4 protein chains.
Amino acid sequence: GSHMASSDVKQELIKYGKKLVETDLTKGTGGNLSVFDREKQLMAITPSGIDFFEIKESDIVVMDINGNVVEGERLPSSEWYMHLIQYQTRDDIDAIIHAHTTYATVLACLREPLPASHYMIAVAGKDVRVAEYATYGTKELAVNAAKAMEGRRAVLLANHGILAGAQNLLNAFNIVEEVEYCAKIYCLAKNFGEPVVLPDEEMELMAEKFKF
Amino acid sequence: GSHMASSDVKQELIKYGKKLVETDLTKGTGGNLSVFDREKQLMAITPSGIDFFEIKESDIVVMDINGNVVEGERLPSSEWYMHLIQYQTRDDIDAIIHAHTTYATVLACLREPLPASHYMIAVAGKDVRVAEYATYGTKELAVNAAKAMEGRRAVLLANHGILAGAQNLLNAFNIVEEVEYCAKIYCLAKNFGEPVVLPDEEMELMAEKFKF
Amino acid sequence: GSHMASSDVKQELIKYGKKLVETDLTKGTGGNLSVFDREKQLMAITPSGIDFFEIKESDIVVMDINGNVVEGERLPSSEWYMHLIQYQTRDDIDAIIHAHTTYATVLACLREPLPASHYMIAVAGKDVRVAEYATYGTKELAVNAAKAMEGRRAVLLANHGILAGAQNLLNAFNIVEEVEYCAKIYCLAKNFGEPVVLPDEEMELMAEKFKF
Amino acid sequence: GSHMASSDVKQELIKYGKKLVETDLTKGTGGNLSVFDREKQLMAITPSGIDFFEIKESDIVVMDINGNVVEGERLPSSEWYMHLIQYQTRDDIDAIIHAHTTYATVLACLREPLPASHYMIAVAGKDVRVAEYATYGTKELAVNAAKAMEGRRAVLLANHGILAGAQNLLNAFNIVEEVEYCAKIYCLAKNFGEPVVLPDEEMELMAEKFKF
Ligand code: NI
Ligand code: NI
Ligand code: NI
Ligand code: NI
Ligand SMILES: [Zn+2]
Ligand SMILES: [Zn+2]
Ligand SMILES: [Zn+2]
Ligand SMILES: [Zn+2]
């Protein structure tokens with residue numbers, strides 16, 4: 001009677017799910033959110049195929065570190081393992097959001113990385129890499145996503161979408177927003193001419209400044 | 001006193017008409033929705049030239065399989081026959097939505113098909129074909145649309161819009177959304193460079209996964 | 001005490017002004033609306049420099065056929081004469097809307113006409129012409145706009161915006177919407193490839209069908 | 001007890017901060033607003049890192065002409081000095097807004113100026129210049145921004161955003177809006193073909209007309 005993920009975590013997931021829709025970052029489909037509770041070693045993750053505005057507290061699924069569901073009746077998101085494997089291999093990330101946004105996904109389908117034409121990319125790294133292609137909801141995808149997100153808080157999923165993660169849902173949410181905005185900027189610039197990419201040294205500095 | 005299309009069907013059509021506007025899939029003009037009742041063999045279809053937010057339950061038109069109106073005073077949508085002919089030739093489709101969306105229509109006016117640069121296209125097929133041109137509201141259009149939608153749940157109407165159909169209004173609605181999103185993705189990618197199209201074998205697999 | 005433009009006309013102008021903003025056709029600046037009362041020979045026109053959401057019934061300006069203001073304290077729109085000269089030279093138009101929209105204005109600044117890549121252009125003509133450049137609010141502008149709108153219900157104002165007119169405000173409003181949508185379609189298509197323009201004969205037919 | 005910036009100024013800053021978000025000019029991040037009180041020689045400026053919809057009256061920071069904070073507990077915007085240096089070197093500007101908008105920022109990352117393809121640019125000048133690059137929140141930035149905004153009410157910040165200033169917050173706000181709209185127009189036109197730039201003489205005239 002205190003051993004499983006708490007009410008407010010489930011509540012947080014439902015709130016940020018809505019907010020993805022309310023800010024039209026995404027319509028809702030194929031997107032998913034999770035949190036990891038490091039003391040408990042439990043992931044709570046959004047259910048499969050349920051509209052973000054129809055998700056109840058009882059729809060959130062709780063899972064142990066090896067994918068054994070321990071709470072909830074609903075199937076977990078088809079991408080539960082893309083989330084879980086990040087929590088298994090990395091300790092700097094406690095909240096992840098998957099989304100099919102617009103311009104990030106555009107870069108994803110070109111299989112092009114996002115460079116630092118805009119400095120705000122630093123919330124995730126000097127650039128965002130694009131994972132190698134794999135079918136949604138499969139182990140290859142999750143593995144491809146863990147590898148290409150190494151050293152970053154975001155990665156593009158080829159022909160698919162975006163994955164981002166941070167210390168909490170607020171911060172995970174802002175990283176999607178900010179990475180979608182930078183991808184938007186970068187695509188539009190590239191219609192006009194040659195976007196100017198800030199050098200690595202400046203991006204290094206940027207990382208340091210963002211720490212504070 | 002139970003022989004004609006039911007209250008809730010008419011209600012469903014009015015709701016999804018609004019939702020096309022409320023999500024700015026379309027402004028309202030030249031768009032139309034219908035359902036087929038297979039036991040009754042009756043199509044209920046939106047009226048002609050009535051703003052989606054001014055359609056009453058009594059404005060919905062009910063029609064038999066040969067286009068004989070059996071309920072309602074209003075003229076049926078000028079595209080009643082583009083809808084009806086799909087219900088006459090196909091049993092996997094019970095709800096259809098026509099819409100003038102943005103990027104699908106852009107592909108429609110280039111007379112370019114939508115390939116599988118994004119996997120979610122699978123809600124409709126491996127690709128969306130573009131019908132041969134014909135004047136709105138005519139028999140050639142309906143015939144051109146039935147033929148080019150063969151084997152799919154969507155087709156582009158040259159210089160015009162989009163047509164999609166599924167087992168119900170919810171699913172028809174999501175197919176427009178999803179096909180508009182994929183067309184958007186595909187156009188934007190093509191501004192940047194060469195969009196990567198997933199191969200037929202993967203799309204085949206995608207079809208199977210979506211069944212579940 | 002019945003000789004001047006009526007309450008509901010002034011009300012109609014305020015409503016459609018808002019609706020330009022509420023549908024984000026335009027933000028508000030440099031846009032203006034008028035109606036002509038043909039029995040009275042009076043134009044009511046929106047005031048100068050007043051935010052569409054701050055216009056009162058007493059802000060609407062009433063003017064005779066030679067520009068003599070007969071009702072209202074506010075300066076009339078700086079474009080009062082671009083409106084008035086259409087009512088002086090044409091009897092098929094009783095309501096006009098000026099707007100700085102997005103893609104129509106884009107065509108306006110390229111000084112490129114809108115051809116019939118989308119059939120809905122027929123609410124205005126087979127194409128929309130672009131007027132020759134002149135400084136906002138001047139006689140050359142109004143004259144350039146009257147001439148290039150000949151035979152149409154819309155014209156593009158070089159480096160400026162759009163002008164449209166119809167038998168009433170509802171219809172004038174829909175023509176802006178529809179012409180902005182077609183310009184949007186046409187620009188986007190032209191990013192991808194060669195938009196297919198429907199021939200004059202088909203557009204002729206389209207005109208006839210729209211009459212009904 | 002009348003020596004510091006007034007309640008309504010702080011209120012004005014909070015209102016226009018929201019309105020940047022409510023009109024989706026910007027999402028909120030890295031944007032900031034200030035006013036200068038010339039009789040008092042005090043700048044009130046938005047706080048650092050606080051969401052525009054969570055800023056209280058007590059969060060607004062008041063500062064003297066040399067950057068000494070005289071009111072408020074919060075850190076001032078990281079760009080306090082980009083604002084302050086404009087008030088130190090120029091008397092025609094009493095309110096400034098910084099923002100990361102879309103198409104202005106796109107021009108900023110290409111390091112391309114905005115010419116007069118649309119006449120409304122005149123609310124800021126004949127063109128908007130792009131400042132030389134410098135790291136957000138630093139003295140080089142502020143200096144680069146003061147210099148490249150000379151003779152204008154707006155400047156683009158390379159790989160960053162936009163800065164604009166006017167006699168008050170209302171007018172500063174409209175200049176961002178209007179400059180973002182013109183940048184949007186200009187980028188889109190440049191996708192299609194060669195945008196037509198109005199000549200300096202016409203822009204000179206435009207300046208004079210806007211005075212009235
Ligand atoms: Ni417990
Ligand atoms: Ni019956
Ligand atoms: Ni009277
Ligand atoms: Ni005091
Ligand atoms: Zn997904
Ligand atoms: Zn249609
Ligand atoms: Zn204007
Ligand atoms: Zn900034």
Under-21-angstrom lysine pairs by C-alpha in region B:1-86, whenever the two are 8 or more apart or on separate chains: 12
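Once you have the Kirkwood Rh of region C:77-138 from its Cα pairs, apply Stokes-Einstein at 25 °C and 0.890 mPa s and quote D in µm²/s. Write down the numbers at each step before the final one.
On the way: Rh = 13.4 Å.
Translational D for this selection: 183 µm²/s.
Taking every residue in C:101-113, how many Cβ atoms of other protein chains lie within 10 Å of its Cβ, on average?
Numbers: counts 0, 4, 4, 0, 9, 12, 4, 5, 15, 11, 5, 4, 0.
Per-residue shielding by partner chains comes out at 6.
What is the diffusion coefficient of the protein assembly as shown in µm²/s, taking the Kirkwood radius over Cα pairs and the Stokes-Einstein relation at 25 °C with a viscosity of 0.890 mPa s? If you can, show how the numbers build up before the last one.
Details: Rh = 28.9 Å.
Rounded to a whole number, D works out at 85 µm²/s.
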Debye-sum result for region B:71-194 in log10 I(q)/I(0), which assumes one identical scatterer on each alpha carbon, at q = 0.11, 0.12, 0.13, 0.16 Å⁻¹: -0.34, -0.40, -0.47, -0.70
Average beta-carbon neighbours from other chains, 10 Å sphere, peptide D:169-178: 1
Per-residue mean of C-beta atoms belonging to partner chains within 10 Å, peptide A:187-200: 6
FRET efficiency for B:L75 and C:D37, using Cβ-Cβ distance with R0 set to 25 Å, rounded to 0.05: 0.20
Net charge of Cβ neighbours under 11 Å - reference C:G137; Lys, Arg +1; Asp, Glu -1: 0
Where Cα atoms sit under 22 Å apart: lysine pairs in region B:103-211 separated by 8 or more or lying on different chains: 6
Where labels lie 7 Å past Cα in the beta-carbon direction, separation of C:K209 and C:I65 in nm: 3.9 nm
Inter-centroid distance (Cα atoms) of region C:159-212 relative to region A:42-89, Å: 48 Å
Closest-to-axis residue of chain C (Cβ criterion, axis taking C to D), whole Å: C:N191, 4
Nearest-first distances (nm) between copies at B:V21, label 7 Å from Cα via Cβ: 2.1, 2.1, 2.9
Cβ-placed point charges (K, R +1; D, E -1), dipole of the protein assembly as shown about Cα centre in debye, nearest 20: 380 debye
Mean projection area, nm², convex hull over Cα of chain B: 11.4 nm²
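So basically every Cβ, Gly included, is an ideal-geometry build from the backbone, and we count neighbours across all protein chains shown. No value in this document is a laboratory result; all are computed from the given coordinates.
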